[PDB]
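For reference, the structure is listed below as structure tokens.
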Amino acid sequence: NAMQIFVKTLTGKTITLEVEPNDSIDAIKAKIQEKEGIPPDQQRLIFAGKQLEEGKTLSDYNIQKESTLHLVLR
């Protein structure tokens, strides 16, 4: 079931994540924290024009394999 997505970080580089289709946004943020050292509470995430919010899931925004989310700092 697992799949690869990417997050475009604050440097413009991307990190690679292994995620499940219904993973919460909270789990993505925690993976971003482990690699970037930014607390989830300071992360704002965007995909295809949508704000990705805590408590919601990847599938809420139709984030499929090879999607690149964009990270914005709070």
Side-chain angles (χ1 to χ4, degrees):
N1 210 24
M3 67 193 199
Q4 188 170 86
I5 73 169
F6 311 100
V7 186
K8 186 192 185 54
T9 78
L10 307 182
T11 56
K13 294 177 203 178
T14 70
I15 59 186
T16 295
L17 297 188
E18 285 291 318
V19 301
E20 302 279 5
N22 294 317
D23 269 335
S24 73
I25 299 311
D26 309 67
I28 304 318
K29 282 193 178 198
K31 288 175 165 182
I32 293 169
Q33 177 274 327
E34 289 175 324
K35 283 162 183 274
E36 294 305 290
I38 304 158
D41 284 350
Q42 295 175 23
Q43 299 178 33
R44 221 182 102 208
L45 294 166
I46 317 282
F47 172 71
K50 280 154 191 167
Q51 306 301 317
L52 311 199
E53 44 189 67
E54 317 185 336
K56 312 284 301 173
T57 69
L58 296 185
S59 49
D60 280 336
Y61 304 98
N62 283 329
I63 290 163
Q64 294 174 76
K65 59 168 176 178
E66 311 280 281
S67 285
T68 306
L69 311 193
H70 296 180
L71 172 67
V72 168
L73 192 64
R74 286 178 191 274

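These numbers come from the heavy atoms of this one structure, side chains and all, not from hydrogens, waters or symmetry mates. This chain uses plain numbering: 1 for the first residue, then up along the sequence.
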Holding to side-chain hydrogen bond (donor to acceptor under 3.5 Å, both in side chains), I want the full list of residues that pass it with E54, two or more places apart in sequence or in another chain.
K29
Residues 35-42, side-chain donor-acceptor partners within the protein, below 3.5 Å, at least two apart:
none

Could you give the side-chain donor-acceptor pairs of residues 62-71 under 3.5 Å, partners two or more places apart or in another chain?
| unit_1 | atom_1 | unit_2 | atom_2 | d |
| --- | --- | --- | --- | --- |
| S67 | OG | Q64 | N | 3.3 |
| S67 | OG | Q64 | O | 3.0 |

Qualifying residues under salt bridge (charged side-chain N to carboxylate O under 4.0 Å, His left out), relative to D60, sequence neighbours excluded
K56
Indicate yes or no: at least one non-hydrogen side-chain atom of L52 is less than 4.5 angstrom from one of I28.
no
Rounded to the nearest 0.5 Å, what separation is found between the CG atom of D23 and the NZ atom of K31?
6.0 Å
Please round to the nearest 0.5 Å and tell me the distance separating atom CD of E20 and atom CE of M3.
8.5 Å
Does a donor on one side chain sit under 3.5 Å from an acceptor on the other, for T57 and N22?
no
Give me each pair satisfying side chain to side chain donor-acceptor pair (under 3.5 Å) with a member in residues 5-14, each pair once, sequence neighbours excluded.
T9-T11
Taking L73's backbone N and O only, do any of them form a donor-acceptor pair with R44's side chain (distance below 3.5 Å, no angle check)?
no
Please confirm whether the backbone N or O of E53 pairs with a side-chain atom of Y61, one donor and one acceptor, at under 3.5 Å?
yes
Under 4.5 Å between side-chain heavy atoms, counting indirect links through other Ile/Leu/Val/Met/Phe/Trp/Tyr residues: same cluster for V7 and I46 or not?
no
What are the two closest heavy atoms between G55 and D26, and how far apart are they?
N-OD1, 2.9 Å
Suppose clustering is done on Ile, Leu, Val, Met, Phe, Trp and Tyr with side-chain heavy atoms closer than 4.5 Å. Which residues sit in the same group as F6?
none
